[PDB]
Amino acid sequence: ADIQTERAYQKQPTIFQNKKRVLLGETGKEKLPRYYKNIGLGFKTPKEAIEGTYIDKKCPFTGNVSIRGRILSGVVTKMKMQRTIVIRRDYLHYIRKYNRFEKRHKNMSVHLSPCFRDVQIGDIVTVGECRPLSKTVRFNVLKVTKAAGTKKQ
Amino acid sequence: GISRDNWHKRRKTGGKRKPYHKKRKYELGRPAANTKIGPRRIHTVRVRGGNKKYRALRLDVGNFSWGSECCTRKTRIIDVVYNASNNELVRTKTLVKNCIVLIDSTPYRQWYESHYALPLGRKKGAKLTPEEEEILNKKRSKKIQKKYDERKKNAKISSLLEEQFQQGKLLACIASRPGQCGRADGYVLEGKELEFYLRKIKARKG
Amino acid sequence: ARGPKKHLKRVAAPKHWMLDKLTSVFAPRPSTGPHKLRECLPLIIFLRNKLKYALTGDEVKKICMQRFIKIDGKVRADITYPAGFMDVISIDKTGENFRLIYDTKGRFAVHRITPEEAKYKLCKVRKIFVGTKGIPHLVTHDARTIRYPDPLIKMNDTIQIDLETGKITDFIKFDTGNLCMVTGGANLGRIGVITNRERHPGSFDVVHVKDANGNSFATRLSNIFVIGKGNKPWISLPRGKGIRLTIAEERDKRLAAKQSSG
RNA sequence: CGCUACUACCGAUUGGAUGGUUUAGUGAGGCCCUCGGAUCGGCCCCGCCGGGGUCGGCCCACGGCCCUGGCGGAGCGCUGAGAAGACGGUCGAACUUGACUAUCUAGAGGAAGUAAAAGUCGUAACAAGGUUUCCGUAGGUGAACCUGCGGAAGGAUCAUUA
RNA sequence: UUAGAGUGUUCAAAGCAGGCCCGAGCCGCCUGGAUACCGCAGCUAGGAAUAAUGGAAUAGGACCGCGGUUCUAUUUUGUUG
RNA sequence: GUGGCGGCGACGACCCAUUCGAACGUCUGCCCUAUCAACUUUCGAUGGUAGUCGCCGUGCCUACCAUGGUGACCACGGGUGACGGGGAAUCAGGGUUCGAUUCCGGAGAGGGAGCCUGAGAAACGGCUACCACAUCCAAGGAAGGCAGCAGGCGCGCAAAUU
RNA sequence: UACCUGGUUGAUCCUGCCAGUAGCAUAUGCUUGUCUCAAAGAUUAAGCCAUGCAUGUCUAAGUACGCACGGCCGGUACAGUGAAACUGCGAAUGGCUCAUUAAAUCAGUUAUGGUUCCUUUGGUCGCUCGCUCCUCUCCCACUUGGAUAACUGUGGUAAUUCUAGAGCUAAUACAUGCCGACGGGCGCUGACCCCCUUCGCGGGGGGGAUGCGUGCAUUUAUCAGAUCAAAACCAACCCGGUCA
RNA sequence: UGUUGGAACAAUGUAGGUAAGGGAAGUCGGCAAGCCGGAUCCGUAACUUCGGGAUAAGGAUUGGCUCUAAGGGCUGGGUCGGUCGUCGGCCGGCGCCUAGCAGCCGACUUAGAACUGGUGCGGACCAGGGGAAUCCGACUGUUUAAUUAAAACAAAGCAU
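Residues numbered from 1 in each chain as written, not as in the entry; some residues may be left out. Chains lettered and ligands numbered in written order. Part of a larger assembly, values for the part shown. Heavy atoms only, no water.

## Points about helix α5 (residues 159-167) of chain B
Residues and elements named next belong to chain B. The criterion, for reference: Only protein chains enter the area calculation, which uses a 1.4 Å probe; residues under 20% of their type maximum are buried, those over 50% are exposed, and those in between are partly exposed. Working definition: helices are DSSP H or I runs of at least four residues, strands are E runs of at least two. Numbering for both runs from the N terminus. The directions considered for the arc run from the helix axis to the C-beta atoms. In what follows, a contact means two residues having at least one pair of non-hydrogen atoms within 4.5 Å.
Buried within α5 are the following residues: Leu161, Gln164 and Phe165. The buried residues of α5 all sit within an arc of 100 degrees when viewed along its axis, so they share a single face. Opposite the buried face of α5, by more than 90 degrees, sit the exposed residues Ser159 and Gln167. Here the buried face of α5 lies against β5 (65-66), α2 (106-115), β9 (169-174) and α6 (191-202). Following α5 by one or two positions, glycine 168 adopts a phi angle in the positive range, close to 90 degrees.

## Brief notes about a nonpolar patch on the surface
Residue and element names in this part refer to chain A. This is how it is decided: A patch is a set of surface residues, each over 30% in relative accessible area and not in a salt bridge, joined within 9 Å for like charges and within 5 Å for the nonpolar side chains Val, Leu, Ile, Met, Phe, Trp and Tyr. Areas reported here follow the Shrake-Rupley algorithm with a probe of radius 1.4 Å; residue values treat only the protein chains shown as occluding. The term salt bridge refers to a side-chain nitrogen of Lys or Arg lying within 4 Å of a carboxyl oxygen of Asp or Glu.
Residues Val22, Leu23 and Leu24 make up a contiguous nonpolar surface patch of roughly 250 Å² in combined accessible area. Mapping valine 22 onto the fold places it in the segment before α1 (48-51). For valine 22, a relative accessible area of 40% corresponds to the partly exposed category.

## Describing the protein's contact with RNA strand G
Quick note on the threshold: Here a residue counts as near a molecule or strand whenever at least one of its heavy atoms sits within 4 Å of it. For the purposes of these results, a polar contact is taken to be a pair of N or O atoms within 3.5 Å, where, inside protein, one atom must be able to donate a hydrogen and its partner to accept one; residues adjacent in sequence count only when each atom of the pair is a side-chain atom. By the convention adopted, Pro, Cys, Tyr, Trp, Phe, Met, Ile, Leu, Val and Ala count as nonpolar, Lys, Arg, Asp and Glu as charged, and the other residues, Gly among them, as polar.
In the vicinity of RNA strand G there are 45 residues, among which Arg68 of chain A, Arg140 and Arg183 of chain B together with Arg2 and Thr32 of chain C approach most closely. At the protein interface, 71% of the atoms of RNA strand G within 4 Å belong to sugar or phosphate. The contact in question runs from a sugar or linking oxygen of RNA strand G to an N or O atom on the backbone of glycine 186 of chain B, over 3.4 Å. The side chain of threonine 145 of chain C places a nitrogen or oxygen atom 2.8 Å from a base nitrogen of RNA strand G. Here the surface near RNA strand G gets five residues from one element, more than from any other, and that element is helix α4 (residues 143-152) of chain B. Class assignment for the residues of the surface near RNA strand G results in eleven nonpolar, 15 polar and 19 charged.

## As for the sheet that holds strand β6 (residues 96-98) of chain C
Residues and elements named next belong to chain C. Rule in force here: When DSSP locates at least two bridges between a pair of strands, those strands are taken to pair.
Across the sheet, which stays open at both edges, the four strands sit in the order β4-β3-β5-β6 with antiparallel pairing between neighbours. Only two strands of the sheet have a single partner each, and these edge strands are β4 (74-75) and β6. Alignment of strand β5 (residues 89-91) against β6, held across three bridges, turns out to be antiparallel. By the bridge assignment for β6, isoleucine 91 is matched with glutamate 96.

## Concerning the arrangement of the chains
Inter-chain contacts occur across two pairs of chains; the most extensive set of contacts lies between chains A and B. Contact between chain B and chain C is absent, and the least distance between their C-alpha atoms amounts to 11 Å.

## As for the sheet that holds strand β1 (residues 36-37) of chain B
Residues and elements named next belong to chain B. Strand order in this open sheet of three strands is β1-β3-β2, and the pairing throughout is mixed. Of all the strands in the sheet, the pair left with one neighbour each is β1 and β2 (41-45). Bridge analysis of β2 against strand β3 (residues 53-59) gives five bridges, and the strand direction is antiparallel. Across the sheet, residue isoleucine 42 finds its bridge partner in β3, namely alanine 56.

## Details of the domain arrangement of chain B
When the parts of a complex come together, some accessible area is lost, and that lost area is often taken as the interface size. To keep it simple, the criterion reads: Segmentation of the chain into domains, including their bounds, is taken from an automatic or database domain assignment.
Examined at the domain level, chain B breaks down into domain 1 (1-30), domain 2 (31-105 + 169-206) and domain 3 (106-168). If you average the C-alpha positions of domain 1 of chain B and of domain 2 of chain B, the two centres end up 32 Å apart.

## Some details on the protein's contact with RNA strand F
For RNA strand F, the set of nearby residues contains 91 residues, the closest of which are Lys106 of chain A, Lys9, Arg10 and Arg24 of chain B together with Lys9 of chain C. For RNA strand F, a phosphate oxygen lies 2.8 Å from a polar atom in the side chain of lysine 58 of chain A. Taken together, the elements giving at least two residues each to the surface near RNA strand F come down to β1 (71-78), β2 (84-88), β3 (90-95) and β4 (100-105) of chain A together with β3 of chain B.

## A few points about the pairing of β3 of chain A
Residues and elements named next belong to chain A. Alignment of β3 against β4, held across six bridges, turns out to be antiparallel. What sits directly across from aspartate 90, in β4, is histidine 105. Here β3 folds back onto β4, and the loop between the two strands holds four residues.

## A closer look at unusual backbone geometry
Residue and element names in this part refer to chain C. For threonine 32, which is not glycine, the phi torsion reads 55 degrees and is therefore positive. One can find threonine 32 in the loop between β2 (26-27) and α1 (45-48). Under the relative-accessibility criterion, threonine 32 is labelled exposed at 70%. One non-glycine residue, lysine 167, lies in the positive phi region at around 55 degrees. On the secondary structure map, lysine 167 appears in the loop between β8 (158-160) and β9 (179-182).

## Here's the deal with the side chain of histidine 137 of chain C
All names here are of chain C. Structurally, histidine 137 is set in the loop between β7 (122-124) and β8. Owing to a relative accessible area of 13%, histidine 137 belongs among the buried residues under this scheme. There is a polar contact of 3.2 Å between the side chain of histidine 137 and the backbone oxygen of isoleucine 135. Setting aside anything within four residues of it in sequence, one finds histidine 137 in contact with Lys127, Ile128, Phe129, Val130, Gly131, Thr145, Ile146, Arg147 and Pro149.

Here it is, written out as structure tokens:
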């Protein structure tokens, strides 16, 4: 195991792994060339998703999901079931009768880029809208945002 | 009677959704068109908004492609070997998208023996003498004899695919959805993903 | 609930049609022509109330069917044919020709124009749409898919079509120094130079506008419509020139002319 | 406490009446599929004429080859249309019986509360209410109550001279 | 619909109507049907007092400095290769 | 004795568009209840890979893995004599009560389920069964859905002229 | 219009409620002369239904031998009205009521790069290109097939918008299907032929008979989709102008 | 075949079985026999000394034949040159069984699927009828060998 987990064969569709026709100097070179599309709106494509060996179907930068419409943030809470995380999201609701606010919260699941270990919990993240990835997975993760207030360099 | 509803199953919050309407036309399902191997029998379906569907029940020829030579041909399926979804869909000889079949290698070998003029099948030396010697050699005053020599080199097929051509069957995934369109079209298997798929067939039995 | 809608009731219908409340219940439902409901003007209401040539539907029924009405060069034969921005309409029996552009409040003011301006029109584009066979295609406000345009045509532009064969002549590009009239929205029917377009990737691109009267406002890019070059409009404008006047200022004009024409 | 009326309660019937949700069994009906073959049209193996070319025929009686309108016997032989019906799947109303839950109700006998009028026994409390009152807990007595242990003064002393 | 502007429905409740000028000679004119309000949530842009929150403490900001590996091309005689 | 001739009605294809909308989604917003504190499941309960069905996106469905989602910021279960909203009554500033009611959106034709034609019905002034109530009958069979406009019955404190 | 009064007490102060006062929506009693607007089977029974109406459709521009009128008009067809009847469109809009339904519906806000859309309006609609039979039409395109309807004629049961059996008939109904688009074009195979030049093999440079496929969507796979700042090598000799 | 054989097949027995319809109407009394009866998967009340009640009750499945999936053991590490008899002891030089793969054996099991049978399938045998109450004794135990198996004696606990 310890490298990949699959029954079928996972690959980027756009790339064609079997271009290999020439024997000449090298039968195999810098192999299975990488596919990645950058999202707009200025979000920086992580270097991990460029030189990475992983294969994903719904990764924002290396899949087919199309981010649009709504962009929000959150505070990560759980690192449970693989390829998606659960984020609390605190906010204030205003009661009209009193002139006073009332705290609420609504926590939702979001997909992830499988590039990432080193995504701790309790840290802010910026999340974007997507096509309905699953029953409760709509929003998708674009870039995580907290490492300085943490441990050793 | 089946419906592709989202109002017949619980919320994420464990609660139960009491419906507020009875089943609706604009969201519907029909029994599976689980197509097997046999004489070409494709039976019709009408769907929402016109654009009538063609669903297949028994198929034998498909437009399988060879990705390493930019050529594709019609080809007579003869088997089914591996499906990553179900196991009971390889015994049944079903046909679905991404179902690894065995296609007839006759059109591709014939094409190879006519393109590069290098033999790709010899066990008894049965045939195949007259055409191949002719074509590589001079036929229009030394022009063609040059360009086939360019093709004598760099004619590639791996022993991962060489042995299949000798054996007459080519592992080939299906990439066209037989249930909805009706055509059993896909690509031949080669390279590393052939290697990965070869081992699974070798040691599927457990 | 089960299909299309085929009954539009009373003033639930758009407010700029200038309708009543005690003319029964329903209102004419435009025939789904070259404009949305909330931008068009039924041809029936242009013959009973805006013009007051007729009295009822019937006297309108017999006019349009007698084939005197001419819209965009080729006659129409439906009572409720949606009108829209920059549409030319002609009445050959009496001899007038109307332009039907927005007012400073938004009412589709009656606007009589000369036969020279009755030849062409101005239409905004929606997408440059190079299609099969390498053929460049356009689309306009009134759903004219023009093949083979000048390649410089990009977006938000204004075209001028002869109204016999389309065939755009004398286009004007969208720039940040040109006149433009706002269509749709609360700002409906003002005129001024653009002077800015502050982009917003992923949302409505807000376009500010400064008027020749010195005032300023802003809208979204969709509501902008270009009607000329520089500070020169290609078209004559009605009284007020599309320059909004505050209800205080409009009050002064009402009182002065009083007892001076009737 | 021979003193009635009303309100609510517990209660053996291991009770009744209605909904409502469901496990399970039976499962009519539509639809998908694998069969199906009442019957209805075309084809070709046959004969004869007339229409035109044709060998034997000067043209014709008639025959051989091809094509056509018509005439009939037979292979119903190869082909298209196709209902009745069936094995199977899917959805599944409804019935029968269980569980669950809800609101409403009959029930000997018992024990509460409220109002009753001019009832019988006592006098517990408010004045040091004639044992100072009250709280907690406990036992007993016809009844209010009495008493034991620790408190409170809402006590009848804001205090008593080393 | 609430508010409110203009208007003599005989007043008003209402309604978005109407006023001239003359036999009519114009082969009619002047106009109306506006505005404010519409939280909370979302978008936008100026203000940065108050209230959250952040930054280099076992090294971090600055100096277009002089060095390596590893690669992605534009185009110069090779027009292209 | 021929070849060319405009205006139109109707027509089908769709990278197509434009309109009419329709459908699953995104963020925030709901009345009373703790004598409802733990709820959700292999039978899809949150997710991953692959796939049949769908007009598509997705546990929508099947397989194979992973063990997960929500909850004291009120889930879950119950009640409403609750269709939601634009609005309505009352009022100094706050508010409290009401909204079936002619506009916008949703559900339905006695309770449920299934489906043909059609772009758009799970339509009921369309069909198929079952259930309850039922109208003709030669006893063999046939037909229906006034929560449309008028009407009558029953219901009631209470609601119009066939 | 930012409002208060009667009531525990021998008398007083106050907490507290009970009762007052006005609007509002339904019912109800009494009364009622005019006019202008105007609610009206919701509350309980989303319970029941007798009876009658509430969804039909024709233009010069799909079908025309009812003989139902009318042509004068019987001749190498079809005056014109024209009810039936086949076809297309319509019944999926309107109206009613609120039984369900508690992030469910609905409101404000957004994406549908995640789909379908009769009709209205704009666009294209020279689609491919390659057979012509026997000794005499391959094939119709200057028009290719049969089928039912109303109509005529026999009936059936007590009955319904119930239908069977028999004889004709049409198409914008169901089907079939053609030189013309007369492809000169284009790309792959591609008999070859021709020159420069290598004894020759060779390379360059040429033009090509044959045959296959033809942007009209659907399905699958593969390719390129920019190049933003530059000067030389070995080495093809190539686009070129300067004398050489 | 238990201290004998032969022939028949009457009644009464003794010991086994089944019976249409009704199902305790029989009788002092459901006395006797009769249903349930194993296992897998769901489901489980009043009461309570919170351990029990409990196999409570009440459901479904079970045959064959063909498959599928899962649950394990033993062994392993280089061409090169010379020496020693590219295989090996040695040297030096390399490999680095580097993600954990490769080869050989090995037992019975458990879950699922297809097909088939006159829907039969714990197919002989072995294998509980349940529920609601009352009286008595706490319980397990013991006794009247040869009519009384209990509500009788014992019993821990309590107390003189």
